[PDB]
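All Cβ positions, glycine included, derive from the backbone under ideal geometry; neighbour counts span all protein chains shown. What follows draws every value from the coordinates through simple rules; no lab data is involved.
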Amino acid sequence: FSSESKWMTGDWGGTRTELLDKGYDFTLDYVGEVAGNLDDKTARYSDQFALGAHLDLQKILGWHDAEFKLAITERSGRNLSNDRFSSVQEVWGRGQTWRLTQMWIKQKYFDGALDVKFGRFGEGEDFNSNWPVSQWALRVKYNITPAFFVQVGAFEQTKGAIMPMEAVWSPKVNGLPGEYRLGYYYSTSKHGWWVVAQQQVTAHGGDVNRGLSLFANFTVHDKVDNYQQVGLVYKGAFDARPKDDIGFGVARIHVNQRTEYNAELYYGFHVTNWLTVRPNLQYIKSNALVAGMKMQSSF
């Protein structure tokens with residue numbers, strides 16, 4: 001359990017750094033979660049692992065400029081709730097899930113400019129910023145500038161495919177990192193679109209990796225659904241914990257007619273380059289107050 005690597009389980013005596021050399025990159029990423037509310041009491045947890053193999057096909061197979069990627073995720077979680085003229089109903093539940101999340105070949109052609117990705121993966125993996133994975137899927141990405149690109153795609157659900165397109169601009173506005181996304185999609189009729197903006201507005205004199213950043217996201221799904229999210233995050237307020245962040249955000253979610261409002265405040269401990277612990281509090285309404293903690297370690 002080192003402390004400055006991306007790697008909880010170290011480098012295995014150097015046979016991981018050697019494996020990376022021969023072109024193999026193994027990953028295990030864990031996301032744990034506790035949450036309860038503060039007459040109805042409720043408590044939930046969920047552990048999740050994401051096993052992943054990422055092979056450099058040029059260093060392995062001779063396949064020039066090609067990558068292969070295999071990913072399997074397991075999730076398990078127990079939950080509980082306790083409801084209270086005169087009625088009591090307590091409900092317990094456990095659950096475990098295994099799924100094949102990624103299996104695909106990627107190949108950069110035109111010396112970087114072109115990026116063809118084929119296999120099994122979801123739209124969530126390349127567009128926007130449980131929750132679907134297409135049996136076959138294709139994504140072509142055109143790197144116009146180093147800070148700007150367009151990409152287009154086709155995804156599973158036999159009588160239709162989902163075709164998304166998206167422009168992604170990553171400008172430096174006043175030498176601070178920002179990221180913009182305009183996106184459309186349609187079926188073959190389902191369709192929709194989305195816009196995303198995130199920007200670093202302050203750089204804590206002048207550590208570019210410390211400061212204020214704000215983001216808004218809007219997404220639309222007809223068949224009509226809305227999702228809206230707005231927020232700010234400061235990374236490294238106090239100089240004592242220069243890699244921690246504080247975040248606040250509000251989220252309107254709409255289905256038309258059923259709306260829900262979601263407000264969240266969170267502190268993010270950067271325990272180390274492989275550990276993060278993020279305790280959080282959130283208020284949800286349509287109405288309950290929720291305390292939670294997440295943690296993410298990468299083995």
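Note on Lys294: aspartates and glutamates with a C-alpha under 19 Å away, same-chain residues under 8 apart excluded, are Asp29, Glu33, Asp47, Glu74, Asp244, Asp245, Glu264.
With the charge dipole of the chain set up from +1 on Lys and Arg Cβ and -1 on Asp and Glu Cβ about the Cα centre, the Cα lying farthest toward the positive end among the listed residues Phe121, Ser187, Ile60 is that of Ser187. Pairs spanning more than 21 Å between alpha-carbon atoms, out of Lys117/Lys223; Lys69/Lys243; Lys22/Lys69; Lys6/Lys69; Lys108/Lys190; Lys69/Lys159: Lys117/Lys223; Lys69/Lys243; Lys108/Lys190; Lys69/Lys159. The three principal axes of the C-alpha atoms in the chain carry coordinate ranges of 73, 52, 44 Å, sorted with the longest axis first. The simple Förster model, with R0 at 22 Å and r as the Cβ-Cβ distance, assigns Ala197 and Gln296 a FRET efficiency of 0.30. Take each peptide in 53-65, 190-202, count the other Cβ atoms within 10 Å of every residue, and average; sorted highest first, the result is 190-202, 53-65. In a reduced charge model with +1 at each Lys and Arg Cβ and -1 at each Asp and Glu Cβ, the chain shows a dipole moment near 420 debye about its Cα centre. In this simple spin-label approximation, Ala263 and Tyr186 carry label points 7 Å from Cα along the Cα→Cβ vector, and these lie 4.0 nm apart.
For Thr17, neighbours were defined as the other residues whose beta-carbon sits under 15 Å from its Cβ, and their charges (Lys and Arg +1, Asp and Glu -1) total -2. If you model the stretch 1-104 as an ellipsoid using its alpha carbon gyration tensor, with each semi-axis the square root of five times an eigenvalue, the axes come out at 43, 17, 8 Å, biggest first.
The eigenvalues of the Cα gyration tensor, multiplied by 5 and square-rooted, give the stretch 96-185 an equivalent ellipsoid with semi-axes of 26, 16, 13 Å from largest to smallest.
Placing a label point 7 Å from the Cα of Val116 along the Cα-to-Cβ direction, the residues of the stretch 139-158 whose backbone N falls under 19 Å of that point are 139-144, 150-156. Each of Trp12, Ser86, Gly160 was scored by the projection of its Cα onto the charge dipole of the chain, and the greatest displacement toward the positive side belongs to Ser86; charges sit on the C-beta of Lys, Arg, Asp and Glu.
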